[PDB]
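1. Here we go, the starting part of the complex in its complex frame:
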Amino acid sequence: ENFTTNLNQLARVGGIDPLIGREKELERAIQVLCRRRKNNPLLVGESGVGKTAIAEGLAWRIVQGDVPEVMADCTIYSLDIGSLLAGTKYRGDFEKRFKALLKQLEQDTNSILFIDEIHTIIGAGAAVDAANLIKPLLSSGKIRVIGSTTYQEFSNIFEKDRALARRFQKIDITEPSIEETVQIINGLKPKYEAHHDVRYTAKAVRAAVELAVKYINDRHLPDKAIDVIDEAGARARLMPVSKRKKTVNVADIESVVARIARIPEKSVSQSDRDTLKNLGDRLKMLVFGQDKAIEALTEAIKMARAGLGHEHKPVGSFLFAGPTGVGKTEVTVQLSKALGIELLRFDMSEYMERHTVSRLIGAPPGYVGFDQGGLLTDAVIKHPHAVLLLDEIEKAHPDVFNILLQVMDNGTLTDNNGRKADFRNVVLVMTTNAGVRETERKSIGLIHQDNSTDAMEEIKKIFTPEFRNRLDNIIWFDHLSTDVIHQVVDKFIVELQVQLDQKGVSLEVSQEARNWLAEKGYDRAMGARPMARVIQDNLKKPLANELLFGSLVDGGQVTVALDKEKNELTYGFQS
């Protein structure tokens, strides 16, 4: 009895919060507990769902007396695994303690042993135990045992074995709905408020549940809700030393979630109106190229968030096309950086093999637990509120395109694992380099002919006609201009200047050098991708060599220019 703690006695003295909800799940446990055989119940639920608390609720019902007379005199106990494994150091010493407790429980009838995290004690698992004594107590039917096990590790421990599954009844314990969860907070509000004497507004508690699931995406919302609430209350209790701000507002809860999320407060805060209003301004600040596309794309985002009365379909389905590395990927990453979401990257070129298609929605080789599962489907579940970047969509197998249609139309994807993804919030973007390839090729003729083709016709050849109708608007990048590329060179050198600033050496670049580096580095076929290679090997190699051994060890004071006749850069350094 020393190892275990009587929950029934605990309720009499208090300290158990009144359970709210889960009336059907709680009633189910009592029904199975009254069975002649297989009375032992199981609670298959994820961490934070509230599977441990529902068992506590049963003890409260017994003390309250709102149960049949059979269970009115019954008692419940909670097995402490830590107490049993405290200092034994040998497997089998633990078992002796378990046997002694079973005899103590067996003498008195109407005793229930609530084994929390039953999966740990039974089964070999992955990351110890014997599991020899759990089987006889189940087959003997003397004392009922309530076992809480997660969905994961239950299929590999209970379904694999007949003895444990046969004596245990499975109770699906799903996460509560948003409406149900906010009601629970109201039930628990008097206990938390009494601790620090602060009053919570209805808006803040409702916002906490809604925002927590959207941003945290780590554990289930019931546990997350109580954490942010208690954290905000504790923070509010001691945040101002001089001022006792007994009142609470949405401002306080926003900062608390930002700290654990480690994301800027502005993004975490429910400032969707503010962020959407300045979405273009923030994006345009860092990147000043392709303003025409930004204006069309920025407006498409604001209207997309509204949904036009249709929300089941994915909010974002914009497709981008044009020359490679001319801003197709910069806008996507900068869009995520401004929003603060975690950008995901997948190259369809890599997934151009039928075996690779299976990798996206599962694992061809045998895996244990299917933890890796699909390369993309699992990532979507990990971060549903994040943008999905696809590269070289043109070079993909035909079957892959069929799967894409289901995402935009059906709004959900089913794979071998069976996990569901809420594509409503999910956004999608793609980049197509096929269009630039068509203009690069030369016709089979004595005199070449204009290869410029309408962007719409090019897509029809490589993409099915059943996709452009479901899309919002097509954005195409034709080519950069001299004024845009020239300005970009100035921005890129700043990174080198910032890098040199910490080292303690200054740098000076002539305007003529900047103009010359732009024409060579920029390529129509390859966009701005070779510009980084051209500019880096040109500037980095001479400066790096001199900086180590030479006059530029300390001081800097460099000068760069190019002779007109030579048309080649010249580097000057001052000690």
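-> Right, received. Where do you want to start? Numbering: from 1, shown residues only, chains lettered A, B, ... in the order given.

2. quick one, longest helix in chain A?
-> helix A:482-503 (DSSP state H).

3. That helix packs against which elements?
-> Under the contact definition 3 or more C-beta pairs under 8 Å, 6 or more residues apart in numbering; DSSP states H and E, helix A:482-503 sits against helix A:511-521, helix A:529-548. Placement of C-beta: from N, CA and C, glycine included.

4. gap between the longest one and the chain center?
-> To tie it back to what came earlier, the one meant is helix A:529-548. In terms of C-alpha atoms, centre = their mean, to the nearest Å, the centre of helix A:529-548 is found 38 Å from the chain centre.

5. do the same with the first one
-> Here the centre of helix A:511-521 is set off from its chain's centre by 42 Å, with C-alpha atoms, centre = their mean.

6. relative to helix A:482-503, how tilted is that helix?
-> Calculated by axes from the mean of the first three to the mean of the last three C-alpha atoms, to 10 degrees, helix A:511-521 forms an angle of 110 degrees with helix A:482-503.

7. tell me what helix A:511-521 is packed against?
-> Helices and strands touching helix A:511-521, as assessed by 3+ C-beta pairs under 8 Å, 6+ apart, comprise helix A:482-503, helix A:529-548, strand A:558-563.

8. Tell me which of those sits nearest to residue A:370.
-> The minimum distance between residue A:370 and the helices and strands packed on helix A:511-521 falls on helix A:529-548, with 37.6 Å, by C-beta to C-beta.

9. And for the closest residue to residue A:367 other than its chain neighbours, the neighbour number?
-> Among residues not flanking residue A:367 along the chain, residue A:373 sits closest, at 7.8 Å (C-beta to C-beta, 6 or more residues apart in numbering). Neighbours of residue A:373 under the rule other C-beta atoms under 10 Å: 22.

10. Ok, which of the helices and strands packed on helix A:511-521 comes nearest residue A:447?
-> helix A:482-503 (28.2 Å).

11. Also, this goes in as chain B:
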Amino acid sequence: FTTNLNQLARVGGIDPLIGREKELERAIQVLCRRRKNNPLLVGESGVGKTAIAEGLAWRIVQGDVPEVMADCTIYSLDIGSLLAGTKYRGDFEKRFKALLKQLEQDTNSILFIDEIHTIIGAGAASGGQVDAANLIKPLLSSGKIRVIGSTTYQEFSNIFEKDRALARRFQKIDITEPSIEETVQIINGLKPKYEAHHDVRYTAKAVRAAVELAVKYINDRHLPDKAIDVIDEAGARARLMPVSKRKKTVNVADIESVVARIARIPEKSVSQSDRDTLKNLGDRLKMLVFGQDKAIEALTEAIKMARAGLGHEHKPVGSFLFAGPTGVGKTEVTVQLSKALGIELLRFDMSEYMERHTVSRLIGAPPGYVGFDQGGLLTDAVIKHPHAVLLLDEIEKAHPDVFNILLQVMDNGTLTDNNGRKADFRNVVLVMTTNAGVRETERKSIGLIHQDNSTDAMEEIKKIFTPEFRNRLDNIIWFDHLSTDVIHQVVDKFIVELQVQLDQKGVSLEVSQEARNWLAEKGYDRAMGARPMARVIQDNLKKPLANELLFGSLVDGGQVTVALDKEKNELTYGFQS
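-> Chain B added:
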């Protein structure tokens, strides 16, 4: 048994806490909570987590923290005294319970137990009737008692997985190494003890230098301990190293040589006079490798950037994917690179780790996580030698899972072992050799006159290697086929190899200049690289010499002359003995 930290601060025994404001504010907030009111400080050995519990009490007397946290006296338990003190039977229950009574009935009672893992169960051998962890859990569940934890990163995982209930009650707190500015400030508080005990005086430049010198060279130890370890050793050095000088002052020179011995690096390396090392590095490779001048330029320039510091500091010094034909010395140049640098080279074969089952071994231990300490083979190598050349032969053959791991190294240059210490590639040069370019265009173009049919360069490798991996790479060093003129230089070094072998047997070999030309042309094969030179030398020079060394005049050793007659275009050898 227990010592009041709050009162110790008034006496002044504990040094005043500085910095770590972010950690402290987080701790008071979680402790303030109704539930989950037990902060757990998780870190590593030397991070300074122990000084936060003692440092926290110091702030209470000062009054900087909120009034609610004020008026709370923090006590500290003793792991050894409590267990050792209860030699008699049944004393532990009354003693631990009597001690609990002091904290009980007091809303402001606070308690700290360093190394919380030690008290998972304690003071009982025969039975588990009373447990240190579970004796305080029922009362703690009601919130009467609030405690503070302090455990290591790896050890925290054991309690977290084994006991989910305890994990809920304890709120994990991430601890990080203190800033360079904070480190020097902390050493000033400790400096009186070390300087007084050793009868030495530490200069302001010496203490500051140790912080940057140790992190640069010492690897396994952590920065607070690293700075304090060298300071203790540095003072001791003054007493014992100089017999007659008996210097009582610790200078930067006195506190930098110790870091060299502690790190087992060459003396004067802390001086950072690496300009000469990089000046002749390029020539050193060309002298032993002929025909890859282009690779040396691109390869040397990149290493120069990293040593010069022109680049992402987190990113490793270099990322390279050696590729080309067989026998072009892609592996040889890599080995010679380490020798010229004078840095130990760690070679790893990816063929053994071709499949996922063996990929574990490289990054972690097998299912017996605690059974085998080796864990990840790559991490301990870097930990043992943070400055090293890592060779990965036949990288393409490996499973794509390893490629995913390499992306992280290029992104931030960090890797974490499942059961071991942390490792970083900031000071490690990544070089992996692939055989994607070994394809040979054996077939020739149809027609009376052959035409150049060269496979497109770097296009095929795109399919073999993952696309995202290629984008992160700095440069790909392709190895061109050996030129005919280059062959002559390769032959010359093979004679030196043959010569040293012959010297052991007492034979001296003289080879004419025309002899080298014949061997070079006969054995020229671009498809087989330089390897045929060893075969033609083995076939034309070693074979006849072997017969004479065992069955002829060379049993005792002597002069040998090699030449070829123009009339027959065949080599003729002359033995003198």
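
12. once more on what packs on helix A:511-521, with chain B this time?
-> helix A:482-503, helix A:529-548, strand A:558-563 (3 or more C-beta pairs under 8 Å, 6 or more residues apart in numbering or on different chains; DSSP states H and E).

13. Checking the longest helix of chain A against chain B, do any of its residues make contact.
-> Yes. Against chain B, helix A:482-503 shows contacts by C-beta under 8 Å from any C-beta of the partner chain at A:499, A:503.

14. List the contacts of that helix.
-> With C-beta atoms under 8 Å, 6 or more residues apart in numbering or on different chains as the test, helix A:482-503 has contacts from A:288-289, A:506-507, A:509, A:514-515, A:517-518, A:521-522, A:528, A:531-532, A:535, A:539-540, A:547, A:556, B:309-311.

15. what does stretch A:361-373 give?
-> With C-beta under 8 Å, 6+ apart as the test, stretch A:361-373 has contacts from A:126, A:152, A:156, A:355, A:358, A:374, A:376-378, A:403, A:413, A:415-417, A:419, B:356.

16. got the buried residues for it?
-> A:361, A:362, A:363, A:370, A:373 (16 or more other C-beta atoms under 10 Å in any protein chain shown).

17. returning to that earlier point: now the buried members of the contacts of stretch A:361-373.
-> Buried among the contacts of stretch A:361-373 by 16+ other C-beta under 10 Å: A:156, A:358, A:374, A:376, A:377, A:378, A:403, A:413, A:415, A:417.

18. which SSE is the residue in the stretch 101-250 of chain A positioned nearest to chain B in?
-> Per C-beta to the nearest C-beta, residue A:234 is where the stretch 101-250 of chain A lies closest to chain B, at 3.8 Å. Using DSSP states H and E, residue A:234 maps to helix A:221-238.

19. if I read this right, the residue of the stretch 101-250 of chain A closest to chain B contacts residue A:196, doesn't it?
-> Yes. Using C-beta atoms under 8 Å, residue A:234 makes contact with residue A:196 at a distance of 6.9 Å.

20. next structured bit after the helix holding residue A:234?
-> Toward the C-terminus, helix A:221-238 is succeeded by helix A:250-261 as the next helix or strand (DSSP H and E).
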